[PDB]
Amino acid sequence: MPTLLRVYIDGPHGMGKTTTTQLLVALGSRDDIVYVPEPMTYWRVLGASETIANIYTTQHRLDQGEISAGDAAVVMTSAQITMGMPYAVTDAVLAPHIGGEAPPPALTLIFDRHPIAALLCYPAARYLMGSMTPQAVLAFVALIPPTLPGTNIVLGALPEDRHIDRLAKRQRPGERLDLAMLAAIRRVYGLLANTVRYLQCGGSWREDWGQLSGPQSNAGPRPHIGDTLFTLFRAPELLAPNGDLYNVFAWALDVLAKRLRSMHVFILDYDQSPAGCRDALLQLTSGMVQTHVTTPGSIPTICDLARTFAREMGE
Amino acid sequence: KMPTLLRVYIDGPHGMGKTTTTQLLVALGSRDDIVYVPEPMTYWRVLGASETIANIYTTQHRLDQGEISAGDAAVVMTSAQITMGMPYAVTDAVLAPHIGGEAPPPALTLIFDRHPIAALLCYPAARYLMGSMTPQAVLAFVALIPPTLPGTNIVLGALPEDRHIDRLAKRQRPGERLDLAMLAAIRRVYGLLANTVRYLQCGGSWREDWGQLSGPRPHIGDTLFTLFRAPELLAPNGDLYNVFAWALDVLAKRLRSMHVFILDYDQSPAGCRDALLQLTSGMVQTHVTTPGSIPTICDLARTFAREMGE
Ligand SMILES: Cc1c(/C=C(/CO)CF)n(C)c(=O)[nH]c1=O
Ligand SMILES: Cc1c(/C=C(/CO)CF)n(C)c(=O)[nH]c1=O
């Protein structure tokens, strides 16, 4: 069976994700590589009206105390569902075409983001910003789809100073320049990388839970649990009077561990020119995991899906 | 070589049984070879959020009274439905690795109060019909329905509407309001659900029959697909956007492999209990995946019950 390389470009926004990605796709021909781009048309029109605007306006009104935490949370939670929808459907239709893990791939499929972006990372940051409850974050976590083999994810690294500068120059429609949110999202993605490494080094969150109080994967020693996503969830809302997590929330963390531990995570250094990033990413794809497809007709089906997606939801 | 499991999801529109109905189900769970995962009312009222059911019904009421907009109501219903479904989704996700292929009496029978689709598809679709949820949100929930594992036996209820109104009025839940429009909506959705499974199982192709919505199995107009001929979901030329069409493809895949069973609730609580046992002889069993799966399952269900059930 012909092979597939799937690569999800993810991480915080504002780093040069898109430019880098497009430059890589520009190196292929057409039958070689396809791009599933950012679904901005879904976000601005198809799913709801100006979802990014709504998110940033809501956080703003919260900060100013014009609306309550509960009011912000219902909006943020609903908004995140709309944000996540294209990633989620794409995963569900792709799933039956993906075979076991597997020399040049017949097809390279590059994604602008993975479902965890909208189900885990942005919600966890909004929780840090006080505009989402931890119960809602964990509900999203429980809904993360099963991790398909050959799930390669690229996260970004960039100094905070350079990040703040780059971000100010590429605000999206409706976006406001919230540096607290930038700090939150950078922190969440740092924790994410540590979490994957922690799990792959044999970390068991239940064993280390009691060590809690008060970045890179695919390399390095095992992180402390306090430096992983698990640390976010020792919140009073989630704790029984006897002090431990309610089991329902503990089960969500079990799901978080299962989903992340089989992912192949890489870190791209964005602190360089657009061409530099492209070639960095290219080099990085050499150590990435390919899968077989399920049928021989899977390949063109996949190209059709990607192009259809791009035409309808891409800018 | 692995032990066998029978999973049974008791679902359908709420308010059809009797309070003495569930006791027998708890009673049935009294055996060591049957566990009964109960309704997670404590999660809804306290753990996930405060009085989620009250929040839901008050919101519809205020919308009905003109005190809030359709948009205001939608964001509330959407985020509330996340809270409602969380216990089902976490449970499904931790159970998933333990379920093998299809398979005498089973080593263990697991009876759930509701399946994930109740909170991801059915109540959301009913709220869409009540004008308090966008169809895009409903299809986003649909897209997140976990893959249908082998042996997914869903029990749906049959009860004439008037008798249903009677029973429902006599056991309102905390924060609930007796809304006849919602009863009709939720009854309609579940009816369409049952039709939708038969449609799919008889080889119905929604993409093939789609045009019939504007011009031996149910007519597509009598399936859930008819709800998503919603104008929000269509391009200026009337075509369904592909993103929503893919969500319908998912809907089809999830629903087709479910095994539906109809339980007549128009009888005594003991009669209902007996009927449920009668139904089990046709339900699909599976192997589990490890020798430790069975006790792990019992533990999950008992812990769920103790923590989140009443
Ligand atoms: C994916 C995602 C994003 C990221 C975007 C582009 O990276 C959209 F602005 N943002 C900014 C959110 O607020 N929530 C999300 O789920
Ligand atoms: C499962 C579910 C229910 C059903 C309940 C009892 O079956 C809670 F009252 N209700 C009433 C909703 O509004 N949403 C849901 O997701």
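The chains referred to below are lettered A, B, ... by the order of the sequence lines, with proteins before strands, and numbering in each begins at 1. As a basis for the values below, the full set of heavy atoms in this structure was taken, side chains included, without hydrogen atoms, waters or symmetry mates.
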Inset, instruction - Might you point out which heavy atoms bring A/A92 and B/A143 nearest each other, and give the distance in Å? - result: CB-O, 4.4 Å
Legend entry - B/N242 to A/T308 - nearest heavy-atom pair and separation: CG-CG2, 3.4 Å
With rounding to the nearest 0.5 Å, note down the distance linking [atom1] in [X] to [atom2] in [Y].
| X | Y | atom1 | atom2 | answer |
| --- | --- | --- | --- | --- |
| B/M86 | A/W251 | CE | CH2 | 9.5 Å |
| A/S78 | B/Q81 | OG | CD | 11.0 Å |
| B/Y241 | A/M313 | OH | CE | 11.0 Å |

Contact part of [X] toward chain B, heavy-atom cut-off under 4.5 Å: side chain, backbone, both or neither?
| X | value |
| --- | --- |
| A/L119 | side chain |
| A/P96 | side chain |
| A/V248 | both |

Legend entry - Leading residue by heavy atom contact count with chain B [cutoff under 4.5 Å; candidates A/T90, A/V255, A/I81]: A/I81
Inset, instruction - Decide yes or no for B/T134 and A/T82: does some side-chain heavy atom of the first lie under 4.5 Å from some side-chain heavy atom of the second? - result: no
Inset, instruction - Heavy-atom distances under 4.5 Å only: say whether B/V90 touches chain A with side chain, backbone, both or neither. - result: both
Legend entry - Part of B/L47 within contact of chain A (heavy atom distance under 4.5 Å): both
Inset, instruction - Look at atom CZ of A/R61 and say whether more than 12 heavy atoms of other residues, nucleotides or ligands are closer to it than 6.0 Å. - result: no
